[PDB]
>>> print(open('entry15.txt').read())   # compact mmCIF, C-alpha atoms
# COMPACT_ATOMS: atom_id res chain seq x y z
CA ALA F 1 73.06 93.84 139.16
CA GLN F 2 72.41 95.67 135.84
CA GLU F 3 68.60 96.05 135.63
CA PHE F 4 68.33 98.20 138.82
CA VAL F 5 70.18 101.23 137.39
CA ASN F 6 69.15 100.36 133.80
CA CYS F 7 65.38 100.47 134.46
CA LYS F 8 65.63 103.22 137.16
CA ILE F 9 66.83 105.74 134.54
CA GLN F 10 64.55 106.95 131.74
CA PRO F 11 64.62 109.93 129.36
CA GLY F 12 62.57 112.85 130.78
CA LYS F 13 63.67 112.29 134.44
CA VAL F 14 66.69 113.59 136.42
CA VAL F 15 67.68 110.34 138.14
CA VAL F 16 70.78 110.48 140.40
CA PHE F 17 72.32 107.37 141.97
CA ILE F 18 73.53 108.16 145.53
CA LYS F 19 74.38 106.66 148.94
CA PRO F 20 73.83 108.61 152.21
CA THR F 21 77.36 107.47 153.28
CA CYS F 22 78.91 109.56 150.45
CA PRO F 23 79.46 113.16 151.75
CA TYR F 24 79.53 113.99 148.01
CA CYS F 25 75.93 112.84 147.53
CA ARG F 26 74.84 115.59 150.00
CA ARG F 27 76.63 118.19 147.82
CA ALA F 28 74.90 116.94 144.69
CA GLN F 29 71.56 117.07 146.56
CA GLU F 30 71.77 120.80 147.27
CA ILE F 31 73.54 121.56 143.97
CA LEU F 32 70.80 119.90 141.96
CA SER F 33 67.79 120.64 144.24
CA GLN F 34 68.71 124.39 144.27
CA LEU F 35 67.68 124.60 140.56
CA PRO F 36 64.01 125.07 139.39
CA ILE F 37 63.17 121.63 137.88
CA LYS F 38 59.91 119.84 136.98
CA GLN F 39 58.48 118.32 140.14
CA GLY F 40 59.08 114.57 140.36
CA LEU F 41 61.95 114.59 137.83
CA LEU F 42 64.73 114.96 140.42
CA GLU F 43 65.01 111.48 141.92
CA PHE F 44 67.95 110.60 144.16
CA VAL F 45 67.96 106.78 143.82
CA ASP F 46 69.92 104.93 146.52
CA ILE F 47 72.74 102.37 145.96
CA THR F 48 72.72 100.82 149.50
CA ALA F 49 69.04 101.05 150.68
CA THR F 50 67.66 98.09 148.65
CA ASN F 51 70.47 96.57 146.55
CA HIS F 52 74.25 95.90 146.36
CA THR F 53 76.39 99.07 145.96
CA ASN F 54 79.34 96.77 145.16
CA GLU F 55 77.54 95.33 142.08
CA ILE F 56 75.64 98.42 140.82
CA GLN F 57 78.71 100.65 141.23
CA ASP F 58 80.76 98.23 139.04
CA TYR F 59 77.92 98.12 136.51
CA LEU F 60 77.83 101.97 136.59
CA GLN F 61 81.61 101.79 135.92
CA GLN F 62 80.96 99.90 132.67
CA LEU F 63 77.76 101.75 131.67
CA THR F 64 79.04 105.34 132.39
CA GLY F 65 82.91 105.15 132.60
CA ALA F 66 83.10 105.57 136.42
CA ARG F 67 81.69 103.87 139.55
CA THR F 68 82.16 106.60 142.12
CA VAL F 69 79.05 108.46 143.26
CA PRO F 70 76.97 110.65 143.23
CA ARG F 71 76.15 109.76 139.59
CA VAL F 72 73.78 112.19 137.85
CA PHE F 73 71.64 110.93 134.93
CA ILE F 74 69.90 113.90 133.28
CA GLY F 75 67.34 112.07 131.04
CA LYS F 76 69.29 108.90 130.09
CA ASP F 77 72.55 110.93 129.85
CA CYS F 78 75.01 110.34 132.69
CA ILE F 79 76.65 113.77 133.04
CA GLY F 80 79.34 112.39 135.40
CA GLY F 81 79.98 112.71 139.13
CA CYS F 82 79.85 115.75 141.42
CA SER F 83 83.16 117.10 140.01
CA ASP F 84 81.50 117.40 136.58
CA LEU F 85 78.21 118.47 138.23
CA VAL F 86 80.05 121.44 139.81
CA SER F 87 81.37 122.55 136.34
CA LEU F 88 77.98 122.20 134.72
CA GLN F 89 76.37 124.17 137.60
CA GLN F 90 79.03 126.98 137.58
CA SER F 91 79.30 127.10 133.73
CA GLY F 92 75.49 126.79 133.68
CA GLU F 93 75.84 123.89 131.17
CA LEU F 94 73.58 121.81 133.49
CA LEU F 95 70.58 124.12 132.90
CA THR F 96 70.72 123.59 129.12
CA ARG F 97 71.38 119.83 129.66
CA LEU F 98 68.26 119.61 131.86
CA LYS F 99 65.81 121.71 129.87
CA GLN F 100 66.22 119.43 126.85
CA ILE F 101 64.58 116.67 128.99
CA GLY F 102 61.65 119.06 129.77
CA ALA F 103 62.87 119.85 133.31
CA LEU F 104 63.12 123.51 134.16
CA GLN F 105 59.77 125.07 135.12
>>> encode(input="entry15.txt", output="structure tokens")
Amino acid sequence: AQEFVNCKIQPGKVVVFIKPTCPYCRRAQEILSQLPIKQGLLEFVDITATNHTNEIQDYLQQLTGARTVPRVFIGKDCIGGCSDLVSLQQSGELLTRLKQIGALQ
């Protein structure tokens, strides 16, 4: 399953692949949704609701360098997982990363 993730991301959206069975996806949800971002851009896309985690996660491994979730895509740039997301929040690098894609408002 390649097209699901591939077509779900675009530039000029903050797409995030998640599963509700990751405790880490709940972190990323507050972490990201705490920040003032263009309405509709933050989209937590699911990897078990409508698909095959097992396939998509492996595809994400190839496409982004890691399979483990949450997996934040700030406008066709995968920033990494929640470990990286924490740096970019605390360092503030995330804010710059986002506003390029026309997010913060």
>>> closest_atom_pairs(input="entry15.txt", of="range 11-36 of chain F", to="range 100-104 of chain F", cutoff="9 Å", atoms="only C-alpha atoms", output="Markdown table")
| residue | atom | partner | partner_atom | distance |
| --- | --- | --- | --- | --- |
| F:11 | CA | F:101 | CA | 6.8 |
| F:12 | CA | F:101 | CA | 4.7 |
| F:13 | CA | F:101 | CA | 7.1 |
| F:14 | CA | F:103 | CA | 8.0 |
| F:35 | CA | F:104 | CA | 7.9 |
| F:36 | CA | F:104 | CA | 5.5 |
>>> residues_around(input="entry15.txt", residues="residue 3 in chain F", least_positions_apart="2", cutoff="12 Å", atoms="all atoms listed in the file", output="ChimeraX atom specification")
/F:1,5-9,51,55-56,59-60,63
>>> residues_around(input="entry15.txt", residues="residue 15 in chain F", least_positions_apart="2", cutoff="7 Å", atoms="only C-alpha atoms", output="number ranges by chain")
F: 9, 13, 17, 42-45, 72-74
>>> residues_near_point(input="entry15.txt", point="(85.2, 104.0, 143.6)", cutoff="12 Å", atoms="all atoms listed in the file", output="PyMOL selection string")
chain F and resi 22+53-61+65-71+81
>>> residues_around(input="entry15.txt", residues="residue 92 in chain F", least_positions_apart="6", cutoff="12 Å", atoms="only C-alpha atoms", output="ChimeraX atom specification")
/F:31-32,35,84-86,98-99
>>> closest_residue(input="entry15.txt", among="F:34, F:39, F:62, F:76", to="residue 16 in chain F", atoms="all atoms listed in the file")
F:76
>>> atom_distance(input="entry15.txt", atom1="CA of residue 2 in chain F", atom2="CA of residue 82 in chain F")
22.1 Å
>>> closest_residue(input="entry15.txt", among="F:75, F:40, F:28, F:64", to="residue 88 in chain F", atoms="all atoms listed in the file")
F:28
>>> atom_distance(input="entry15.txt", atom1="CA of residue 95 in chain F", atom2="CA of residue 4 in chain F")
26.7 Å
>>> closest_residue(input="entry15.txt", among="F:79, F:29, F:24, F:38", to="residue 97 in chain F", atoms="only C-alpha atoms")
F:79
>>> atom_distance(input="entry15.txt", atom1="CA of residue 19 in chain F", atom2="CA of residue 49 in chain F")
7.9 Å
>>> closest_residue(input="entry15.txt", among="F:105, F:83, F:90, F:96", to="residue 25 in chain F", atoms="all atoms listed in the file")
F:83
>>> axis_aligned_box(input="entry15.txt", around="range 20-32 of chain F", padding_each_side="8 Å", output="lines of an AutoDock Vina configuration file")
center_x = 75.2
center_y = 114.5
center_z = 147.6
size_x = 24.7
size_y = 30.1
size_z = 27.3
